[PDB]
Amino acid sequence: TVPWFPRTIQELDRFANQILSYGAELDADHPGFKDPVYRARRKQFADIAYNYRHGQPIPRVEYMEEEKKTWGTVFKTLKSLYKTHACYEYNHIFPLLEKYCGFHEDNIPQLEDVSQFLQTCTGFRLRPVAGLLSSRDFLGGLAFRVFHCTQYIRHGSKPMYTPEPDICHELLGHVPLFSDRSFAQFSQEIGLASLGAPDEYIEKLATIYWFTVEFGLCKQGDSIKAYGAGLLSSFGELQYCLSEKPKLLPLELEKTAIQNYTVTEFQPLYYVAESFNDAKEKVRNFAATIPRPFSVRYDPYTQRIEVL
């Protein structure tokens, strides 16, 4: 019977008791696996997320010198690419993040400050997330313009590599696009489409998410640039996605929704969105095909979903 979904923004608190308990940092393969200090630091951030409740300021954390060093390395190496490789919406907001959110090589921005900045731009807000949420819960938060965001940093031994999202990927990859109004409306439509959808459609929407929010390319006049968070936070793949090597296809959701992808190599193919307004309209149409015995609307005045 129709799977449960949150109907008020506060009900997202129910997700904390629904994450994968045995994290990536526990795999022998993890860059930080043999490091007990790293292991304890990850538990520390996991506890902060576990105890967080909607409405509370997100706890500030004093990052260690080793952690600020890893951030500085990632920030400085990626920043050189944005002006030529990132979509216009990214470069438009980046200077404002540098000025009001402290995006600078010597300092890791605190999530509370970034979340307040996002709220002023598009009403998106962040909440710290312990480990891996199911695709259903993760996509469901988007319906309320809530992005579940990691607060820990990748291990310092391999600054240019992370097998999982970390704070560098959230802040340099995702945050700038959530400041844009059309991208915000587009991400929210994916979220609304997921509410109470059957498991096999959640997987189709998670694939659409992967090919837009994480690895999407934008058409910008006669040029093509990157807006996917996974590209904007990957030095190597960001340069590769705008070269002659990968295959480019127009975003077509009935097609994108079932395309396979790997998470370990550079993507062999990417979908190009005409604009975020257009992608939003395509998602809205795709959502009408999802069998759900009802319709949903978000009411921003009360932060509640209305089930028709």
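By rigid core we mean the largest C-alpha set that fits within 1.5 Å across both forms. Numbering starts at 1 and follows the sequence shown.
- Quick one: with the core lined up, is it 145-153 or 78-86 that wanders further in 8 other deposited structures of this protein, going by C-alpha RMS? The stretch that sits farther from the shown form in 8 other deposited structures of this protein is 78-86.
- Task: Name the stretch that deviates more in 8 other deposited structures of this protein: 53-61, or 259-267? Use RMS CA distance to the shown form, core superposed.
- Result: Stretch with the higher C-alpha RMS distance in 8 other deposited structures of this protein: 259-267.
- Query: Which has the higher mean CA temperature factor in the PDB entry, 26-34 or 43-51?
  - Reply: Taking the mean B-factor of the alpha carbons in each, 26-34 is higher.
- Message: Regarding 260-268 and 244-252, which shows the higher C-alpha temperature factor on average in the entry?
- Response: Stretch with the higher mean C-alpha B-factor: 260-268.
- For the listed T73, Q188, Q110, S223, which has the peak Cα B-factor recorded in the PDB entry? Of the options given, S223 has the highest CA B-factor in the PDB entry.
- Query: Between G216, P176, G102, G123, where does the Cα B-factor run highest in the record?
  - Reply: The C-alpha B-factor peaks, among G216, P176, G102, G123, at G102.
- Message: Splitting the chain's C-alpha B-factors into thirds, which one does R127 fall into?
- Response: Ranked within chain, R127 CA B lands in the lowest tercile.
- Message: Please place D199 in the lowest, middle or highest third of its chain according to the CA B-factor in the PDB entry.
- Response: Within its chain, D199 is a middle-third residue by C-alpha B-factor, going by the deposited values.
- Which third, lowest, middle or highest, does the CA B-factor of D180 fall in along this chain? Answer is middle: the recorded C-alpha B-factor places it there.
- Query: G156's Cα B-factor: lowest, middle or highest third of the chain?
  - Reply: For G156, the deposited C-alpha B-factor lands in the middle third.
- Among the chain's modelled residues, which third holds the C-alpha B-factor of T162? Highest third - that is where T162 ends up once the chain's C-alpha B-factors are sorted.
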